[PDB]
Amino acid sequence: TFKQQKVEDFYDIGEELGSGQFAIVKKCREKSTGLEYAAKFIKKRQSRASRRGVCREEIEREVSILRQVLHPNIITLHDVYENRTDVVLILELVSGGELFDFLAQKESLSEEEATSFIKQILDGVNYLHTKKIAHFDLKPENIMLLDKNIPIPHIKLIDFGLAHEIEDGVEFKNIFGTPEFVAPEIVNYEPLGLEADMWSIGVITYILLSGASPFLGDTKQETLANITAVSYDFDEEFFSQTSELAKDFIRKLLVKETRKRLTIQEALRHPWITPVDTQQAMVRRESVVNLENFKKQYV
C-alpha cells in the first residue's frame, strides 16, 4: 500500500533529473537519513477514457513487481508515497546516465567489453525471468549506469511501467512498446511472455555492435512490416568487424517463433557471452566494435 503522506515532509526535493510520458523524476534526499534517491512522480489517470497519466491499478502492478526485485543490475525501490494527483516512487538514485550516451563518448570498444555490458543486462533479465517477470520495455533509454566515471560502469535496468508477471495458462496480450524494439508477437497481438524480452536484447545488441538498427524503416509502417517479416541483414558496411559468434548470438534472438528464440538461460550460455575455451576468448578480444556509425546515430 502507498503511504498517504506528503513526500516533501520526508524528503528534500531537488532538481529534475529526467522525464517521460506520465512521469517526472527529481533528485531527493530523505531528511531522516540524508541518503539520496530519485523520486519518480507518476501522474495518475483520472478517467478510463483519458489518454493522460497512468491508471492507478497499473501503477500498483509496477510497484508490486518492484517490491519483489533486489538484484545488482535492477533498480531498487525504496518507498512509495501518494497524494491527490501523483504516486511517487522513491527509487535508488542512478547517476551515470544512459549506457548508450556513455558508449557514444567512448574512444574504443572491443567485443569483450561489449559482452561485459550485455552480460550485465542478461544477469538482470535472468533474475527477472526466474521470477516470471517480463520487463517488456527493454531499450537503450531504460538501461542506465550507476556511475559512468569508473573503468567498468555498472548497469541498472529501470522503468517497470510495462513489466508484467507471466502466469502459466493465463494469456497476456496487449499493445505497447517502442516499435524499433518490440517482438513480432507484440506487433501481431499474439500471446506474450518472457520471450519478447529476448528479442529486444537481440535488437539492443545489434545496435550496440554496429550503430545500425535491424528493423528500423523510413516509417513506423515499414518498421512493423520488417519486424513481422523478420527482415534484417548484417550489412558489411557496418558489420565488417563483427565476429561470427556475435552474429550467431543475434541470429538466435531475432527469431519469430517464440519456442525457438533463445531463452535467457541459453543466452547466458551462448559462447559469445560465455566462451568455453581460450580460442573463443581471443576471437572476442580481437573483435573491435563500430563506434563510428554508433556515434553518428547516438550523438
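So that there is no doubt, residue numbering starts at 1 and follows the sequence shown.
Novice: Taking only the CA atoms, which stretch has the higher mean B-factor in the record, 195 to 203 or 159 to 167?
Specialist: The recorded data point to 159 to 167.
Novice: If you average the CA temperature factors over each stretch, which comes out higher, 20 to 28 or 274 to 282?
Specialist: Looking at the recorded C-alpha B-factors, 274 to 282 comes out higher on average.
Novice: Can you tell me which of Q120, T178, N126, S108 has the maximum CA B-factor listed in the PDB entry?
Specialist: Answer for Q120, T178, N126, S108: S108, with the highest C-alpha B-factor.
Novice: Among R251, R48, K40, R67, which carries the highest Cα B-factor?
Specialist: Going by the entry's C-alpha B-factors, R48 comes out highest.
Novice: Would you mind checking where the Cα B-factor of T76 ranks among the modelled residues of its chain, as the lowest, middle or highest third?
Specialist: According to the entry, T76 has a C-alpha B-factor in the chain's lowest third.
Novice: Divide the modelled residues of the chain into thirds by Cα B-factor and specify which third, lowest, middle or highest, holds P214.
Specialist: It falls in the middle third of the chain.
Novice: Select lowest, middle or highest to describe the third in which the CA B-factor of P184 falls within its chain in this entry.
Specialist: For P184, the deposited C-alpha B-factor lands in the lowest third.
Novice: Tell me, lowest, middle or highest third: where does the Cα B factor of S243 rank within its chain?
Specialist: It falls in the bottom third of the chain.
Novice: Lowest, middle or highest third of the chain for the C-alpha temperature factor of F172?
Specialist: Within its chain, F172 is a middle-third residue by C-alpha B-factor, going by the deposited values.
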